Amino acid sequence: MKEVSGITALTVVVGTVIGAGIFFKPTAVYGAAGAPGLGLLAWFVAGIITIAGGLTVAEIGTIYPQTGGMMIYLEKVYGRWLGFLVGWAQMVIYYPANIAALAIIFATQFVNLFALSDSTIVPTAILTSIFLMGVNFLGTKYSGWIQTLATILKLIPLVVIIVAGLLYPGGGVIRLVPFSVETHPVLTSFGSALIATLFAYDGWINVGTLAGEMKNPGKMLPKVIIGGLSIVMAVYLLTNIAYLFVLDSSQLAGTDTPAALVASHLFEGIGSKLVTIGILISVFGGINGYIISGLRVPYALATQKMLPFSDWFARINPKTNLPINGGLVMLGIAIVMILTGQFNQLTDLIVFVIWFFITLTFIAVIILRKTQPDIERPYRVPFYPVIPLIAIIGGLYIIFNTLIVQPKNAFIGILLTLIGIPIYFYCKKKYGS
Amino acid sequence: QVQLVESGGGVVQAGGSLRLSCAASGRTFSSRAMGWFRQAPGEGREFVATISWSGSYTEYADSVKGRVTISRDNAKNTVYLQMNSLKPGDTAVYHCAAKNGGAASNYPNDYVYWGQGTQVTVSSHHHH
Ligand SMILES: [Zn+2]
């Protein structure tokens, strides 16, 4: 404990993960668990999964010190195609739906606060995404200016919700007593529950690039993933107890803006409005921060042969230093996704899709341990086979449980991942344009 | 506080070979990832190479893979770019950049310190 070099990194770990997740997901988690008790474990196990996932992905992250992440872990053990399919889905599914989902949910909350028509959600989701894509092409003056406040004023609506929520007048241990209900049976439920809590835990993957950047890693590096994601774990459980102290299972699942309602009970008048402003900020900072780290992918495929208009995609505008053309493609496919999907449907794709490759990455660490067990390992996954296999065990479990629950979602991501198999090979002989 | 100065690149012949050098401020170098980028007089920047702090990871762009080789001498705070089999579509100012942390990057925006760059002209017959 107390290394000082890494309490700075720990900031990141908490910040990368924490955001707009807890503020909107309960609606899904309780609408699937059908009981407070089962939903509350899903946040714990998903968290215990990613503390697992995070430590396994750091070994491959230290073998390959790079900011590219996965795009390169997967080429390096699974060949140029999987280095590609990773990015192809990142560029066509993951980034566009993460803009999309969040922009939708924003508008949703905007209409909830400034009590407006529930028709005018999509136009607002369009215009936030269109605005923030545009604003990002102005430069990292503004993009980053949104980010700094978005990190200050995402922790305050929480610390204010936990304090008061846990202190709610009608409340205590009884406010989570139905553990597993028969209307929502445990197995079908825990699969739709984990995939909804795992969206809140998202961005934990960035630990590979973090460990890449590290200097003399092990010293405190595992403590930073342990401590980091367990502070996130700690928070995500504690603010849920607060939500269940005010409302409960049926009620949370009821409005698609859960935290916003618990706000309006916890505080009367503008007090609770100041909390929802904090939420709309938290959502907007994510949208923007996703765009920010989104423009990186189409460009890295434009770095290689991998994309049809590689020259147009790789264009960094000499003014801003950003490949805006990647984001104009991602704005389009995000906009189709806002008009075609529904927030939870989308936030589900995202967990399924990414974990299809994330698994591969952990599997890869164990592969790597047998391909070149003489490569240099600055950080090595502790309790060696246990935890990567834990992450795999839980990883595998999601991709099978989403298949079997959401067959359409499992196919939209699969249609769109495998629509890139032709793409890859067209522009490998031709090399793009 | 990290000054970088590029060396070597001038007029060269097709198929020829050119070693580029980039001298950096010091201290911070051994802990920093490096990389070269090239800027043609119609385009913006473009990824060429990048190397880990320890020099373990290395990554080159599609158009320069196999020809060029990036390398660094942390003892003499320098990063090299050993280009070979040069084509006249290489011709551009090769700026060498620095960023923070060991992880190498293909992204120009990661890079915070940037050099002035050395002008390279690959030809088949030149005039002056
Ligand atoms: Zn002549």
# chains A, B, ... in the order shown; residues from 1 in each chain; ligands from 1
>>> residues_near_ligand(ligand="ligand 1", cutoff="7 Å", atoms="only C-alpha atoms and all ligand atoms", output="mmCIF file with N, CA and C atoms, in the first residue's frame")
data_model
loop_
_atom_site.group_PDB
_atom_site.id
_atom_site.type_symbol
_atom_site.label_atom_id
_atom_site.label_comp_id
_atom_site.auth_asym_id
_atom_site.auth_seq_id
_atom_site.Cartn_x
_atom_site.Cartn_y
_atom_site.Cartn_z
ATOM 1 N N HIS B 125 16.406 10.675 -61.344
ATOM 2 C CA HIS B 125 17.363 11.628 -61.941
ATOM 3 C C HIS B 125 16.906 12.966 -61.363
ATOM 4 N N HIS B 126 17.817 13.775 -60.819
ATOM 5 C CA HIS B 126 17.392 15.061 -60.231
ATOM 6 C C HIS B 126 18.000 16.259 -60.992
ATOM 7 N N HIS B 127 17.516 17.459 -60.668
ATOM 8 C CA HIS B 127 17.948 18.730 -61.254
ATOM 9 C C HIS B 127 18.265 19.781 -60.112
#
>>> interface_residues(of="chain B", to="chain A", cutoff="6 Å", atoms="only C-alpha atoms", output="NGL selection string")
:B and (44 or 61-62 or 101-105 or 109)
>>> residues_around(residues="residue 57 (chain A)", least_positions_apart="2", cutoff="9 Å", atoms="only C-alpha atoms", output="ChimeraX atom specification")
/A:52-55,59-62,205,207-208,358,361-362,365,381,388
>>> write_last_selection(atoms="C-alpha atoms", output="short mmCIF file (atom, residue, chain, number, x, y, z; two decimals), in the first residue's frame")
data_model
loop_
_atom_site.label_atom_id
_atom_site.label_comp_id
_atom_site.auth_asym_id
_atom_site.auth_seq_id
_atom_site.Cartn_x
_atom_site.Cartn_y
_atom_site.Cartn_z
CA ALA A 52 -9.66 -11.19 -13.19
CA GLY A 53 -9.76 -10.05 -16.90
CA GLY A 54 -7.73 -6.96 -16.19
CA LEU A 55 -4.78 -8.83 -14.67
CA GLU A 59 0.71 -9.68 -19.36
CA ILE A 60 0.04 -9.48 -23.13
CA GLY A 61 -0.07 -5.73 -22.69
CA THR A 62 3.51 -5.73 -21.33
CA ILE A 205 -9.69 -3.39 -21.28
CA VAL A 207 -5.32 -1.73 -18.85
CA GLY A 208 -3.22 -3.32 -21.63
CA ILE A 358 -11.54 -10.16 -25.21
CA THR A 361 -6.95 -12.09 -25.80
CA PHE A 362 -6.84 -14.00 -22.43
CA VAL A 365 -1.91 -14.99 -22.90
CA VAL A 381 -0.31 -12.70 -14.38
CA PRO A 388 -6.96 -16.17 -16.86
#
>>> residues_around(residues="residue 105 (chain A)", least_positions_apart="2", cutoff="8 Å", atoms="only C-alpha atoms", output="number ranges by chain")
A: 24, 101-103, 107-109, 125, 283, 343
>>> residues_around(residues="residue 257 (chain A)", least_positions_apart="6", cutoff="12 Å", atoms="only C-alpha atoms", output="ChimeraX atom specification")
/A:20-28,104-113,243,251,263-264,276,279-280,343-344
>>> closest_residue(among="A:129, A:188, A:117, A:5", to="residue 401 (chain A)", atoms="only C-alpha atoms")
A:188
>>> select_by_dssp(residues="region 22-60 of chain B", states="helix (DSSP H, G or I)", output="list in words")
residues 28, 29, 30 and 31 of chain B
>>> write_last_selection(atoms="N, CA and C atoms", output="PDB file, in the first residue's frame")
ATOM      1  N   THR B  28      14.778  12.081 -19.837  1.00  0.00           N
ATOM      2  CA  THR B  28      13.470  11.554 -20.101  1.00  0.00           C
ATOM      3  C   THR B  28      13.448  10.511 -21.228  1.00  0.00           C
ATOM      4  N   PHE B  29      14.433  10.565 -22.112  1.00  0.00           N
ATOM      5  CA  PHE B  29      14.389   9.731 -23.309  1.00  0.00           C
ATOM      6  C   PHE B  29      14.181   8.245 -23.050  1.00  0.00           C
ATOM      7  N   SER B  30      15.050   7.650 -22.230  1.00  0.00           N
ATOM      8  CA  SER B  30      15.013   6.192 -22.000  1.00  0.00           C
ATOM      9  C   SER B  30      13.666   5.713 -21.547  1.00  0.00           C
ATOM     10  N   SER B  31      12.868   6.599 -20.956  1.00  0.00           N
ATOM     11  CA  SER B  31      11.517   6.291 -20.436  1.00  0.00           C
ATOM     12  C   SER B  31      10.376   6.623 -21.403  1.00  0.00           C
TER      13      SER B  31
END
>>> residues_around(residues="residue 95 (chain B)", least_positions_apart="4", cutoff="12 Å", atoms="only C-alpha atoms", output="ChimeraX atom specification")
/B:4-7,9,20-23,34-40,44-49,79-81,108,111,113-120
>>> write_last_selection(atoms="C-alpha atoms", output="PDB file, in the first residue's frame")
ATOM      1  CA  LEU B   4      14.491  16.754 -30.823  1.00  0.00           C
ATOM      2  CA  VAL B   5      16.831  17.201 -33.852  1.00  0.00           C
ATOM      3  CA  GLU B   6      16.726  15.032 -36.968  1.00  0.00           C
ATOM      4  CA  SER B   7      19.909  14.219 -39.113  1.00  0.00           C
ATOM      5  CA  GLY B   9      18.044  12.791 -44.841  1.00  0.00           C
ATOM      6  CA  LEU B  20      18.056   8.953 -40.225  1.00  0.00           C
ATOM      7  CA  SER B  21      19.057  10.054 -36.710  1.00  0.00           C
ATOM      8  CA  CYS B  22      17.156  11.918 -33.982  1.00  0.00           C
ATOM      9  CA  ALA B  23      18.939  13.470 -30.988  1.00  0.00           C
ATOM     10  CA  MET B  34       9.676   7.241 -29.859  1.00  0.00           C
ATOM     11  CA  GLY B  35       8.532   7.350 -33.388  1.00  0.00           C
ATOM     12  CA  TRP B  36       9.098   8.887 -36.878  1.00  0.00           C
ATOM     13  CA  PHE B  37       6.420  10.436 -39.102  1.00  0.00           C
ATOM     14  CA  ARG B  38       6.636  11.887 -42.617  1.00  0.00           C
ATOM     15  CA  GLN B  39       4.980  14.968 -44.084  1.00  0.00           C
ATOM     16  CA  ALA B  40       4.758  15.326 -47.843  1.00  0.00           C
ATOM     17  CA  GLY B  44      -0.462  16.250 -43.433  1.00  0.00           C
ATOM     18  CA  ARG B  45       1.510  13.900 -41.196  1.00  0.00           C
ATOM     19  CA  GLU B  46       1.834  10.085 -41.760  1.00  0.00           C
ATOM     20  CA  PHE B  47       2.876   7.205 -39.603  1.00  0.00           C
ATOM     21  CA  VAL B  48       6.272   5.714 -40.427  1.00  0.00           C
ATOM     22  CA  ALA B  49       7.700   3.964 -37.439  1.00  0.00           C
ATOM     23  CA  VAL B  79      16.395   7.094 -32.414  1.00  0.00           C
ATOM     24  CA  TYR B  80      17.277   5.787 -35.837  1.00  0.00           C
ATOM     25  CA  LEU B  81      15.421   5.016 -39.015  1.00  0.00           C
ATOM     26  CA  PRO B 108       0.283  11.261 -34.168  1.00  0.00           C
ATOM     27  CA  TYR B 111       3.018  12.394 -29.606  1.00  0.00           C
ATOM     28  CA  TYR B 113       7.174  16.628 -28.610  1.00  0.00           C
ATOM     29  CA  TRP B 114       7.895  16.868 -32.273  1.00  0.00           C
ATOM     30  CA  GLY B 115      10.938  17.664 -34.313  1.00  0.00           C
ATOM     31  CA  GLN B 116      11.514  20.116 -37.062  1.00  0.00           C
ATOM     32  CA  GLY B 117      12.153  17.237 -39.446  1.00  0.00           C
ATOM     33  CA  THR B 118      14.839  16.492 -42.063  1.00  0.00           C
ATOM     34  CA  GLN B 119      13.912  16.862 -45.787  1.00  0.00           C
ATOM     35  CA  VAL B 120      14.378  13.635 -47.856  1.00  0.00           C
TER      36      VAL B 120
END
>>> atom_distance(atom1="CA of residue 270 (chain A)", atom2="CA of residue 176 (chain A)")
28.7 Å
>>> atom_distance(atom1="CA of residue 351 (chain A)", atom2="CA of residue 180 (chain A)")
23.8 Å
